[PDB]
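**Q** below: the sequence, then the experimentally determined structure.
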Amino acid sequence: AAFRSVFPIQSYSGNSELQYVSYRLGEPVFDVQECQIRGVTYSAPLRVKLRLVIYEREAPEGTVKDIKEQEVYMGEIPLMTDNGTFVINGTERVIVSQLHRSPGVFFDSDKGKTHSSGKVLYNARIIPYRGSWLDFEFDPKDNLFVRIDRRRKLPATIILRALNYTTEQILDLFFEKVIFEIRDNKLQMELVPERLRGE
Amino acid sequence: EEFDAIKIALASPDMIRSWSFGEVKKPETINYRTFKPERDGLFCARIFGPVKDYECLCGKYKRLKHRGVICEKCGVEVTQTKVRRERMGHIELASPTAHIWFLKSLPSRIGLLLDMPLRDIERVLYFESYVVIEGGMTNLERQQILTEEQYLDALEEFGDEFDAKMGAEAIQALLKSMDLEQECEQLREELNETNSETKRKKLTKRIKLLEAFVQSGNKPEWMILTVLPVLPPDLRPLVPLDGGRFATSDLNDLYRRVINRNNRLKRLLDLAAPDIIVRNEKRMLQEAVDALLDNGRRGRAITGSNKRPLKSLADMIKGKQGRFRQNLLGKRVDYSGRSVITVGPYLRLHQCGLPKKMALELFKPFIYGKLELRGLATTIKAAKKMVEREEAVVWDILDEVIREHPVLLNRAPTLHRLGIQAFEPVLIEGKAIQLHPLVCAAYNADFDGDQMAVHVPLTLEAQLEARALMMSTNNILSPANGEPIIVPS
Amino acid sequence: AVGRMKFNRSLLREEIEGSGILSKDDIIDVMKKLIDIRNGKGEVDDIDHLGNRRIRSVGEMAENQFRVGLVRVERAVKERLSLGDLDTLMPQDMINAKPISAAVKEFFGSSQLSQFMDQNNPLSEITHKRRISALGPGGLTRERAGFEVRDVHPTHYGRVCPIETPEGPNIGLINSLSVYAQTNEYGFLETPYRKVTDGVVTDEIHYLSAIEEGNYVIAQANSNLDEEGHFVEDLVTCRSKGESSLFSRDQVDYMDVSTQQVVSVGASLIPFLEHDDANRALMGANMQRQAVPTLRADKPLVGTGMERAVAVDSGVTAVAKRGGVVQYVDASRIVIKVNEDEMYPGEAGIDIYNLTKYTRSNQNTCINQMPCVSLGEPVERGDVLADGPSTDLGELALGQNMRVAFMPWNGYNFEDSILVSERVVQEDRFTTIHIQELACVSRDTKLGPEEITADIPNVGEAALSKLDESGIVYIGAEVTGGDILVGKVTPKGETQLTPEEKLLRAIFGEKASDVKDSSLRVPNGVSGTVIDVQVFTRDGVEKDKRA
Amino acid sequence: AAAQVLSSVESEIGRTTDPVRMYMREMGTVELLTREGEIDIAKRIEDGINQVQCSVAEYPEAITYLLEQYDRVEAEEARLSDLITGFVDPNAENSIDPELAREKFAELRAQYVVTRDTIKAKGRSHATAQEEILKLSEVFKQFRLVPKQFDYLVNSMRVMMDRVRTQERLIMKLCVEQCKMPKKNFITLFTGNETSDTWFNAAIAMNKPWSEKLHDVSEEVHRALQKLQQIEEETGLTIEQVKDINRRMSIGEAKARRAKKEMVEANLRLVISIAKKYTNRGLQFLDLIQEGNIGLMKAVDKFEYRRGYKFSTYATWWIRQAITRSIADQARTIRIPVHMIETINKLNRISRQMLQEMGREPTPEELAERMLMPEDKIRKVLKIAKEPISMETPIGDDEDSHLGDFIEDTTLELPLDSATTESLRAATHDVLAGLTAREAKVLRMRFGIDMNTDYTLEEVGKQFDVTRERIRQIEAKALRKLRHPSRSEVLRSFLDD
Amino acid sequence: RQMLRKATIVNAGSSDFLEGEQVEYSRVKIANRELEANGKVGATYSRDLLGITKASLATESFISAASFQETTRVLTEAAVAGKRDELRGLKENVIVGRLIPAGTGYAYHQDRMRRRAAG
Amino acid sequence: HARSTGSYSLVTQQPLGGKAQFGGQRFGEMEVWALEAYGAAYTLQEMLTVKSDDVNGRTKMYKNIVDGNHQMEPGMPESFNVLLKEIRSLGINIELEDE
RNA sequence: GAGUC
DNA sequence: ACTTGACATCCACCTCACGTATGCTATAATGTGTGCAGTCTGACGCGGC
Ligand SMILES: [Mg+2]
Ligand SMILES: [Zn+2]
């Protein structure tokens, strides 16, 4: 997962590149009991096959110049025991499972929550794995504000302006337009029945 | 030194000069190889006193025979190390810095005296905008904020009588010039006429500050600091861990960076540097002083090498882990012991079971004393060696000292006064202490691993108060209800 | 994958997977759902729903921390890629290791989720390994925590045991996984259930997540089963969508496999849980965790059957890989000859079990394995061959069983105080095994080399006699408080004595060299048997004869 | 089109406390004129320096000073170093051969003598003599003095101006603040006469009964004119030319000061980039960039436009130097000198090599070999390497302990220890009384027993009456006495101390 | 009784009273008795109620107050006023390691009090 | 565990903490309050001085106890001096009034 | 991390 | 009981060697680099809006 996310690692000039092939776990340098004795961390070597490829500037993208490759040592990775334990400087340690609020969307309501009035305050929370946080909430007079990286409160509409939506496109996508024909001196709406709903 | 009363007032830079026994010029602490303090450095013995009892730096003058002999070469007085607990040093800042507490702590005395809101003063101090000190020219008045562009377009036309500046220096100046007496009178008359009720409360507040200030005898210009006093070194010590490692106080880090920046200040003054870099350096100056006093009260908190906050002087005072709550209203104590509680059915009301080895240690000194009276111990050194060899005669005499000595039992929580009570303790071997069943209710104690402490009233008066006022037997009725507290269950 | 799945299910989309970055349409549509709820089209999702909370195992934690090492390394990598010459310099000269190993040691070493194993007993270990914390990075704080999150959420059913959490401030934060419960791919907790096809209880097992659980209608384990077919009662007892009550046979969709699936492991071991209030129940589980192995293992007479599984899984015992016949039995080695049926034509059929005997646990406890079977005996795959300390033949043996009588004694049993017989001492039951580690450390300073010697100022031959050549304790020595274990000497500075001490030195005439007694002594109160000694010499300095 | 943008953004600045943001904003005003933009100002530097050097040439004491200082060093046999290394240093637009020095000095002395007789003849600067004076001023200009000794020369003028200003300030305070005489009238008379006292009484000659009551402080008033008039004698420069030189030398100096500022500003941005390259959690941002600034100052001052090479290249090294040397200087609690510092650099950079090549940790032996020195110095440097640790480091996993709560103080003895101390002294005096008069007093002062001062064996002998060795035998006798167990039963318990 | 410790004056005697100033209820009663028996200008007062925190922060002793909470603000108050603490109460003595003005210490403490009366 | 006298704290000069150091147990606010309710001034002062931060006091009282005196002879809390100097360092003038 | 109420 | 003579030991004080402090390196390099973790509790007083 990590490898493909970053790789392949391309240089500035667009002619040299670093590519990832595959990895290998060695046999552990130090055994279980022994590491216990000397105060060592129990680990295996990780060695990874990496290839340096060089394009030419002048020839279009001719990978025909230089191809160098090898297996480099990238350090020792702590190994797990047969028990499911870990050897940490000569003492037995365990990593505990961790509950958190899962990334995605939280639709939260503040029932009472705040106010003498006792007004209903709705907030959807945007939780990533990795990155800053997003909060959308209702102002007391029903106006929509954003907390960006919960810094403070400003108008939601501005964001869509940044995404190059004119006020016209905004209201189009949100609200439902109604056709208002003006003929002679009479004004006539294209009305759907279930808009009179309790009118 | 026996005193009646203590006064607290605004300090003057010159008073700091009196306390201070020398100027701390260098950020360095000590020489890495020769572990002596450096020159005019933070632990310099020339200023703060000699580290070792009756022995100067270079080692010319050791011995009791020498007192007060001030070493010609090194300049250190030969005396008690104890002085390093009390002699203060001093630092001359070339830029008068503002005192953060007087500014950033609400409502802020500076702001209230000047009738000036926060941002104004801030932008002044930080060098974001200029301000009018005093104009012979009627055009502008006290406390006028201007931008870079407004200062030049206004200085083009006039000048001479026109005084405006930037920073803590300017604010210091505005403080000296302001007439406290006059302003008292001004505000009195305003209040005597239309008194918008809310506005009137603020008018009262300002006048009370002023009168309080002039009665106390404190001068406003003292809010701006020129001299910084430096804490005695023993109070911010530097010591070696046993493993070879060193631990030093965080104040010393802050102090060090304070000195660093201050020295670069002096350098850039000498250079006559462009004022942009000058202001930038003075901002850092204030950063370090303000971080020193109260870190994080300035906004951006300095972190330690980890990520955890560097702990400032103020923090040492205020916190619950600060000196008041950890070291002042409560403390670590001698002559105390502790362990698990267990039943004593045979114990009578005023008695408690006290484990041998605990008691042995508890009453060590009394042992030694009475050992020398009966001559059973040649001297005290022999008495120690006797105690370590645990002879049966030791116990006989221990018992005799312990006779009619009442000792104190404590359980957490100490809810009401009966959380601590006195008993005649009687020795039992075994490692658990025995308690009377009747008093379990008062302590809210029960046998399933609760731990209790025991203390020794040491003086005759202590023993007295324990047996009379604290004795279990004397206090049966609850301080709370009129009813009996020590009751069966 | 996680964020994407839950996000797409929040707005009622269709694609399961997605790209990491937020596509612009997503943003608009959620603001739509906010405006919806403000009008009343849809309603609010709960913070504490088990579908709204996700768990991190090992790999995903590892994943994240590995990515961080990578980030820093990327700055370095892209930097050195452009300066130098492209042809003659190779990949191996490019690559740094420091920050990789740094990131790793930070995770494993610095993390608060990484802790000392609880090795009081097999129970503590096994339980502690499956404990689940709400704290840590990206997770809840003490002040940030009100009532809602700490209290009992209905979704914890069959997933987390409700009754295993530390008392005091951390209560509600840390909980034990229930028995049969496991994590799906996504890091959501699932619980297994039996399918019920039109009234008939099948043998088919289906794991459901919290989300999926919210949908269907499931009968409790206690409902009575009609001859491996249908139900006893025409109106039956079940739960669905977070509430409980009555339904007819035909409406029955699913069912619990066993009662014990609601309970954690520790709690499962307590027998008549049914008759114990949860207040004390909770305390019970915690108590088990603080129990200590005596030497003698007496099998628990009143168990839940679960003691066999507990033992087996703890993994402190030896289990038979192959089965066959036992060739050699030692209180140190168990060697086993395999069934010819199972035996690989690759290697020989000889399985080896060197047993671990008498080592030091973290809590000062003793770690002692005892072989269970006898010589030349038959065993099969998965037979219990040697027991850990608190284990009998197959079973968890936390302790021992005694004849107890309920009644008052002359105020010796007052408020839960315990009266015990001398017989307990006499029979050596509940005699604890402790193994403590003591250390001695020889360095060098400006004051000169500290070293290890038998020579110490002003001590009797009492101490001298118990020491070897180098100043070392003899193996098997019986030692008490005040006794010196390992001799050490440290260089003193100047001795500036008071005038009185100057004269006295002269008078008795023992000058005494410029040295300090640094020797390691037995702390007072504790006393016992030096069983083994280990030494770590330096690489530079020459070895001691003891060495 | 710069400062007015600062204003709109500073209006938005919601009390922006970050000095980071403030500095970046301000330096953002100043753009960098490139190419010869810098060299524009380089020209102006050189012109200012030369103009004030023309002033030095015109001032007589300059040549007298030069010859006098040379003569001091030269008189002591023939030293090439010290004061000769400080002066001279004539640029070629070296180990100094006495041959060329004797030659180069010759023509200046020729010109000295030749510039004398013409001046006196008729006028100080009558036409012809003004032509020859210009010729002498061109001879001096050919030299460029080393800045150190040059500063001392400007201090021979600047300080003179300060004495001028100071003495006038005293006169003006005494006259204007104590008496009250129009400075307006002052202008004309002071310029017109200078040399004679005609002005004083000409002023009083316009009546005004205030000039009448001046008798009381008359003895002080014109006598203070003494100090002013005396400075004239001492220097021998005429008032008219004094004025011209002061102001125009002030001109030269001010050209340079106002200039350097421009250079600094346009290269501020360079400092920032350079610093941030080594802003590794080693010191701290602000600290480093301030030091970087210091490096830039160096660059501006030593840079010559004559080199014809790019500014950025040269300055880079000055600022980098400032940064590097400054971490070494400050940073660490224990200050570490430079050569030590660089050895440390070697350490960690080769650590990486050896760790990867050998496989694991670098043991001292192999490291010793690979770095070209003896093992001794390896282990030494190893332990010295470590920095100070936080006193209030939370070692309490729960904020139970700031490591201060571990600290034990060996300085203060226990009350147990004090018990040791007091009893021992008491016991000593008790057996002291058992000793025979003079014997007791001997030991008492020999060891400063109950006497602060322990006199040594010879000093004891001085007080007694000569004899040193007799006291060594009294010593053996007193030892014998106190070894008696009957007396030392009290002393015997301390046998184990 | 501790909560009603302080009062606000509407109207002066001959002292430093005035409009709205808040002083201890006991000190005001002092003025009462002296003035009314001799005549002099009276004071109209209103009794003021201060819960817990307020009452603690208003006490004579700034050591007491500073020991409680709000160390920062306390210090500035006191420093500016030039306040003088005579060490009357419990906590004051406590922190100085002095004998309490109560119980055992009351007999001896009134002894010390008459030592302050004698100059 | 139990302590008579042993290793003391560096800055405040009180006994260190826990059985770990052979430390003296901490006497908290609440516990102090107990003594307060009784009239008991001397025990209080013991806890305040001879048992904690007064070096001269504790040492002197130890040996007087060993000389069969049991006399108190109070001193001055070293924590108090610590406190004083920190106030001076933060730039506020605080001084002990003579009677 | 666990004990006490 | 005390001084002389001889030698032996030790503390002082001055000398020699390493430690310390500073200056220069001249292709060109120039507003961009840190850094994230704080968070949502919770009733409250105060100040400001
Ligand atoms: Mg209990
Ligand atoms: Zn000296």
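**A** Everything's here; your move. Residues are numbered from 1 along each chain as shown, chains lettered A, B, ... in the order given. Ligands and ions are numbered 1, 2, ... in the order given.
**Q** can you tell me the closest non-neighbouring residue to the residue in the stretch 251-400 of chain D positioned nearest to chain E?
**A** Nearest to chain E in the stretch 251-400 of chain D, going by CB to the nearest CB, is residue D:392, at a distance of 18.3 Å. Bear in mind the C-beta positions are built from the backbone N, C-alpha and C, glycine included. Among residues not flanking residue D:392 along the chain, residue D:402 sits closest, at 4.1 Å (CB to CB, 6 or more residues apart in numbering or on different chains).
**Q** now swap in residue A:120 and tell me
**A** Nearest to residue A:120 is residue A:109, by CB to CB, 6+ apart, at 6.7 Å.
**Q** what do you get for residue B:120?
**A** Leaving aside its chain neighbours, residue B:120 sits nearest to residue B:145 (5.8 Å; criterion: CB to CB, 6+ apart).
**Q** how near is the one you found to DNA strand H?
**A** As for residue B:145, its distance to DNA strand H is 15 Å (criterion: CB to the nearest atom of the strand, to the nearest Å).
**Q** and that residue, how many neighbours does it have?
**A** If you count neighbours by other CB atoms under 10 Å in any protein chain shown, residue B:145 ends up with 17.
**Q** same thing with residue B:285?
**A** Counted with other CB under 10 Å, residue B:285 comes out at 21.
**Q** about what we covered before: the residue nearest to residue B:120 bridge partners, please.
**A** Per DSSP bridges, the residues bridged to residue B:145 are residue B:131.
**Q** that one against residue B:122, yeah?
**A** No: look at residue B:145 against residue B:122 with CB atoms under 8 Å: they stay out of range, at 10.7 Å.
**Q** just to revisit the earlier point, phi, psi for the residue nearest to residue A:120 please.
**A** phi -120, psi 140 (degrees, to the nearest 10).
**Q** which residues touch it?
**A** Going by CB atoms under 8 Å, 6 or more residues apart in numbering or on different chains, residue A:109 touches A:120-123, C:37, C:44.
**Q** cool, and residue F:77?
**A** Counted by CB under 8 Å, 6+ apart, residue F:77 has contacts E:95-97, F:48-49, F:52-54.
**Q** so is the closest residue in space to residue C:101 that isn't next to it in sequence in a helix, a strand, or just coil?
**A** The shortest distance from residue C:101 to any non-neighbouring residue, by CB to CB, 6+ apart, is to residue A:75 (4.7 Å). Here residue A:75 is recorded as strand under DSSP: H, G, I helix; E, B strand; the rest coil.
**Q** contacting residues for residue A:75?
**A** Residue A:75 neighbours (CB under 8 Å, 6+ apart): A:45-46, C:97, C:100-101, C:104.
**Q** dump those to TSV, plus distance to residue B:82 and neighbour count.
**A** Output for the contacts of residue A:75, formatted as TSV (distance: CB to CB, whole Å; neighbours: other CB atoms under 10 Å in any protein chain shown):
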residue	distance to residue B:82	neighbour count
A:45	59	16
A:46	59	16
C:97	52	16
C:100	52	20
C:101	49	17
C:104	50	20
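**Q** in helices only, show me those.
**A** C:100-101, C:104 (DSSP state H).
**Q** just the closest of these to residue B:445, please.
**A** Ranked by distance to residue B:445 (CB to CB), the ones in helices among the contacts of residue A:75 are led by residue C:104 at 49.1 Å.
**Q** strands along chain A, start to end?
**A** Taking DSSP state E to define them, one finds strands in chain A at A:9-10, A:16-25, A:43-54, A:66-78, A:86-88, A:91-95, A:97-101, A:104-110, A:121-127, A:134-138, A:144-148, A:153-155, A:180-183, A:186-189.
**Q** tell me which of those is the most buried.
**A** strand A:86-88 (a mean of 23; mean count of other CB atoms under 10 Å in any protein chain shown).
**Q** does stretch A:10-20 reach DNA strand H?
**A** No: on the criterion CB under 7 Å from any atom of the strand, stretch A:10-20 is out of touch with DNA strand H, staying 13.5 Å away.
**Q** tell me, how many residues neighbour the residue of chain E found nearest ligand 2?
**A** Residue nearest to ligand 2 within chain E (CB to the ion): residue E:97, separated by 37.6 Å. For residue E:97, the neighbour count with other CB under 10 Å is 24.
**Q** residue B:310 now?
**A** 20.
**Q** tell me who's in contact with the residue in chain E sticking out farthest from the centre.
**A** What lies farthest from the middle of chain E is residue E:39; by CA atoms, centre = their mean that is 25.6 Å. By CB under 8 Å, 6+ apart, no residues touch residue E:39.
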